[PDB]
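# Topology and contacts: notes
Okay, here's what each chain looks like letter by letter:
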Amino acid sequence: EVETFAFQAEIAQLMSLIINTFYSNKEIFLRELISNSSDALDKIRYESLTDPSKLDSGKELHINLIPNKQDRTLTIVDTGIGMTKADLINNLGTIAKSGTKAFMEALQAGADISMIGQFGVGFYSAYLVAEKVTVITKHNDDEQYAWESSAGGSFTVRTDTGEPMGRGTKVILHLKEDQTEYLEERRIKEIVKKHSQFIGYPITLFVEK
Ligand SMILES: N#CCC(=O)Nc1cccc(Cl)c1
């Protein structure tokens, strides 16, 4: 059973701007997703400070980067607080409507796409490099769900019957044909060292056979 939703007009406009604008500095997508993961890890850590049972779904707080050249996917896994179904539908837990409004004024007032994260909509920079994005998520207060969009104005949400996650979020980037450099180990290492050197959680770059 799959539910199909329309993006809010303002979010559809944000996504088409990211996809259509000529902008060479695409590598910032990874900084933005890692920062989102760090934010989600901060949230579950804070909750566990007064309620240790919040970590019964997993004590380890970490970020994994998993390239797969056969599937042409880059997966960013974190064990953060995760998202409920309501969070997923409500623009993946963001205030994307007002964030987009602010972001798009900044773009006409000088800024560039790389500054997207300051407006709370950094997730959508995934469409700089991905033709399709799948988000698998598990929050302590809900079931495991899969969100998916190839842009084009709609997304789907379904109950996820795949591998149970315990707690957290998995962003699966189905990369564009000309963006496979972000599956190469030395390119990912360079980007993490350049933009994410001070993230306070272990970032593990998986290797392939
Ligand atoms: N807001 C707004 C419009 C805008 O320029 N968005 C944009 C464009 C290219 C890349 C990114 Cl990451 C974002």
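Residues numbered from 1 in each chain as written, not as in the entry; some residues may be left out. Heavy atoms only, no water.

- The record lists X-ray crystallography as the method behind this PDB entry and 1.80 Å as its resolution.

### Some points on the pairing of strand 4 (residues 130–138)
- For strand 4, the buried fraction is high: seven of the nine residues fall into the buried class.
- In this sheet, strand 7 (residues 168–175) lies alongside strand 4 in antiparallel orientation, the contact comprising eight bridges. The residue of strand 7 that forms the bridge with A130 is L175.
- Sheet analysis places strand 4 next to strand 5 (residues 145–149), joined by five bridges and oriented antiparallel. Residue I136 lies in a different strand from strand 5, and its bridge partner there is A146. (Buried < 20%, exposed > 50% of the residue type's maximum accessible area, 1.4 Å probe, protein only. Helix = DSSP H or I, 4+ residues; strand = E, 2+ residues; numbered from the N terminus. Pairing = 2+ DSSP bridges.)

### As for the packing of helix 1 (residues 9–20) against helix 4 (residues 96–108)
- Running from N to C, helix 1 and helix 4 cross one another at 45°; their axes reach a closest spacing of 9 Å. Classified by the interaxial angle, the pair formed by helix 1 and helix 4 is oblique. Crossing hand, helix 1 versus helix 4: left-handed. In this structure, helix 1 uses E10, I11, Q13, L14 and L17 to contact helix 4, whose residues at the interface are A96, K97, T100, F103, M104 and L107.
- A breakdown of the residues in the contact of helix 1 with helix 4 according to their chemical character gives seven nonpolar, two polar and two charged. (Axes fitted to C-alpha atoms, helices over the stretch in contact; angles between N-to-C directions. Parallel < 35°, antiparallel > 145°, perpendicular 65-115°, else oblique. Left-handed = near helix turned anticlockwise from the far one by under 90°. Contact = heavy atoms within 4.5 Å. Nonpolar A, V, L, I, M, F, W, Y, C, P; charged D, E, K, R; others polar.)

### Here's the deal with the packing of helix 2 (residues 28–50) against helix 5 (residues 185–195)
- The geometry of helix 2 relative to helix 5 is characterised by a closest axis approach of 9 Å and an angle of 60° between their N-to-C directions. Of the two possible hands of crossing, helix 2 and helix 5 adopt the one that is right-handed. Packed against helix 2, whose contacting residues are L30, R31 and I34, the element helix 5 presents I188, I191, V192 and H195 at the interface.
- By residue class, the composition of the contact of helix 2 with helix 5 is five nonpolar, one polar and one charged.

### Things to note about the pattern of salt bridges
- In the structure shown here, the tally under the stated rule is 11 salt bridges.
- Of the charged contacts, one joins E47 and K54 as a salt bridge, the two residues approaching to 3.1 Å between their closest N and O atoms.
- One salt-bridge network, held together by shared partners, links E27, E181, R187 and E190. (Salt bridge = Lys/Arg side-chain N within 4 Å of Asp/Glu carboxyl O.)

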